[PDB]
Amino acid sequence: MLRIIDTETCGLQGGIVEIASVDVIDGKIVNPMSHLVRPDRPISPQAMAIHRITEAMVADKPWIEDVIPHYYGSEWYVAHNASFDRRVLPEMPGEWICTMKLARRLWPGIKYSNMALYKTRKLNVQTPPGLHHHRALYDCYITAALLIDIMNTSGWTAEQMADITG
């Protein structure tokens, strides 16, 4: 089981306004989870233009510390550019896999943003209702679909993928 994680933030230095995950088990996506989160700092307008989470949407929400333990319980955490989520999140109990590194290694010279990959790989995942690109749970479904594609294409195991991730 691989747990795909995504985090929307106040900006590139961090502060968490949303987190979400799905699990990939036997080529299927299951066990969706998301929380809006009260950040440790103001949301920047540049970040707010991307994820469209306003201060009022998160004003009364739990802190990241309060919410992060619900995401414990996996050996493998997967993120698109996992470097980023690993930095901005509290320490996680597992090992990280980066689908960005994987994509670049599997298709040399491919464009390697999350949505560019999804578009070029012609993926089709059923996304959850009432969300959009750059809402955490939505992007989890994109990245999970990407990870499933990577695994079928390559035949890489969780271990090989962690090794490639470095």
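Quick note: we count residues from 1 along the sequence shown, nothing fancier.
- Set 20-28 against 138-146 and average the Cα temperature factors; 20-28 ends up higher.
- The deposited model assigns a higher average Cα B-factor to 118-126 than to the other stretch when 105-113 and 118-126 are compared.
- Ranked within its chain, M161 lands in the middle third, by CA B factor from the PDB record.
- Among the modelled residues of the chain, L131 sits in the highest third by CA temperature factor in this PDB entry.
- Per the deposited record, the Cα B-factor of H35 falls in the lowest third when ranked against the other modelled residues of its chain.
- When the modelled residues of the chain are ordered by their C-alpha B factor, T54 lands in the lowest third.
- Among all modelled residues in this chain, the alpha-carbon of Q46 has a temperature factor (C-alpha) in the highest third.
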